[PDB]
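Chains as they are written, first to last, in this note's numbering: chain A, 661 to 684; chain B, 199 to 248; chain C, 199 to 248; chain D, 50 to 99; chain E, 35 to 135; chain F, 10 to 59; chain G, 66 to 98; chain H, 8 to 68.
Just so you know, even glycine gets a beta-carbon here, dropped at the ideal spot from N, CA and C.
Written out below as structure tokens is the structure these notes cover.
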Amino acid sequence: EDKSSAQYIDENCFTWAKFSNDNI
Amino acid sequence: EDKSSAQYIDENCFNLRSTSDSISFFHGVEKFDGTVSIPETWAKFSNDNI
Amino acid sequence: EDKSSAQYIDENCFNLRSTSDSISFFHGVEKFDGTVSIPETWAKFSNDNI
Amino acid sequence: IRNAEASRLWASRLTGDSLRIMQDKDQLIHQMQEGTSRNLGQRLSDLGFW
Amino acid sequence: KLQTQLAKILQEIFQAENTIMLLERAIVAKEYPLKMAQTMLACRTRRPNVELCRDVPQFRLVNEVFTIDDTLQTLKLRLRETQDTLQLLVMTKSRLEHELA
Amino acid sequence: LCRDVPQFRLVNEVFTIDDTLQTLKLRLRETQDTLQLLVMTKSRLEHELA
Amino acid sequence: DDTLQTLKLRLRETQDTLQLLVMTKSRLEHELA
Amino acid sequence: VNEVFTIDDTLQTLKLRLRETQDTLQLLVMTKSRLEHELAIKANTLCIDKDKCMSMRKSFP
């Protein structure tokens, strides 16, 4: 949900990877 | 200008909160002769400029 | 009764599936040379008795 | 009986040793970390002065 | 008497397991702080020109590296001793239970 | 005294497994400096970018 | 590579067969006597 | 046969008591290790006490 909301914000307007790795 | 570059570097290093981006296991960094001077010499260069 | 004990404490290992509580460190026991005899030897002792 | 008891005392004292070492030396680590941070702060202050 | 001894052996063997897990989580805890000095040094070594400074934070960072390496090696030492103690306790368990039988 | 095929078979397979684990950990103990080399490369390339 | 493990397996098998053979020899000599 | 096994079982029991004896010997190694460990503290305390006691008895007019 966080990622999708960020993507939508990026679309409308115009390390997290490590945390996702730990989640995996 | 050089010392402003220096201040910004030191800022984003000390004020950097860890666990975030720089968590790579650097090694071999236990040796560095990059420093050529002693702070007193740097101070006297600045005084010479003044 | 010797082979009764044999079959009992043999079946409580094959039927005993691996996951248990006795899993805890030992040392290498390659040096173990307890045994002395042969299959044909058990066979022939049984034949002697019968 | 003596085998058992001697082994127990051996293990218990070793455990106590390990716990004490880990705890105190962790405290030392974070102390010197604090020292590093303070020194960096004063260096930044001097640089701003210049 | 022997049965009582067997029971307390079981208690002590899993206590030793608890010690081992304490040691391994100590390893995990000490893994991260090694990042402090090495990353700060790696990023600091880069400066444009002469303002490179030999100073107290640098000395203290060297001390960081030295001390942390000492921490890891002492802790893995403790690891070897705890495994040795556990295997000794287990062979004692085995012998005692066979004469129980 | 259980002297049949299992004892020798197990004795051998445990060796096979530990010899196996030797090279399996060899791979990882090399993967570390495999990481380190790319660490130096990335540090360089970002600095020349600056 | 794998020839190493195969050779060691042949080594152990040859060993075991040798103890088998020698003790069977001793036994057969016992009944012979 | 009966005598052959009577030899063998006696031999393996002797081997078992030999393993017993080696276990006892390593017990003794551990115990003497404990004793020599504590002996250092003994010696240190004794020498420090002796030195200071000599000093204070000799001195303080």
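The alpha helix (DSSP H) enclosing residue i, as first and last residue numbers
i, result
"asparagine 83 of chain E", "Unbroken run through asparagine 83 of chain E: none, as it is neither H nor E."
"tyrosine 206 of chain C", "200 to 212"
"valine 227 of chain C", "Per DSSP, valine 227 of chain C belongs to no alpha helix (DSSP H) and is neither H nor E."
"residue 141 of chain E", "No answer is possible for residue 141 of chain E: it lies beyond the span of chain E, which begins at 35 and ends at 135."
"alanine 677 of chain A", "676 to 683"
"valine 87 of chain G", "67 to 97"
"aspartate 95 of chain D", "51 to 98"
"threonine 217 of chain C", "First-last for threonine 217 of chain C: undefined, no H or E at that position."
"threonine 73 of chain E", "68 to 78"
Check whether residue i and residue j have beta carbons under 8 Å apart
i, j, result
"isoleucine 207 of chain B", "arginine 81 of chain E", "yes"
"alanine 204 of chain B", "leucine 68 of chain D", "no"
"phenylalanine 230 of chain B", "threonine 79 of chain E", "yes"
"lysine 64 of chain E", "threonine 105 of chain E", "yes"
"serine 56 of chain D", "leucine 123 of chain E", "yes"
"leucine 63 of chain D", "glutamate 115 of chain E", "yes"
"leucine 36 of chain E", "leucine 120 of chain E", "no"
"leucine 10 of chain F", "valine 234 of chain C", "yes"
"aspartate 30 of chain H", "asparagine 52 of chain D", "yes"
"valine 20 of chain F", "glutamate 228 of chain C", "yes"
"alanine 60 of chain E", "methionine 81 of chain D", "no"
"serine 244 of chain B", "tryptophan 99 of chain D", "yes"
Cβ distance (whole Å) where residue i is taken to contact residue j below 8 Å
i, j, result
"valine 90 of chain E", "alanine 71 of chain E", "Actually they do not touch by this definition, with Cβ atoms about 14 Å apart."
"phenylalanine 224 of chain B", "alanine 76 of chain E", "4 Å"
"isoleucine 221 of chain B", "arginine 88 of chain E", "No, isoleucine 221 of chain B and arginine 88 of chain E are not in contact; Cβ-Cβ is about 27 Å, not under 8 Å."
"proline 67 of chain E", "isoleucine 102 of chain E", "6 Å"
"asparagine 83 of chain E", "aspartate 200 of chain B", "6 Å"
"residue 191 of chain E", "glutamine 39 of chain E", "The first residue shown for chain E is 35 and the last is 135, placing residue 191 of chain E beyond what the model contains."
Classification of residue i by the beta-carbon crowding that lies within 10 angstroms, buried from 16 upward
i, result
"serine 62 of chain H", "exposed"
"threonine 126 of chain E", "buried"
"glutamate 46 of chain E", "buried"
"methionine 55 of chain E", "exposed"
"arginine 112 of chain E", "buried"
"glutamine 92 of chain E", "buried"
"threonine 53 of chain E", "buried"
"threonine 217 of chain C", "exposed"
"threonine 85 of chain D", "buried"
"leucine 89 of chain D", "buried"
"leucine 57 of chain E", "buried"
DSSP beta-bridge partners of residue i
i, result
"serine 235 of chain B", "E:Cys87"
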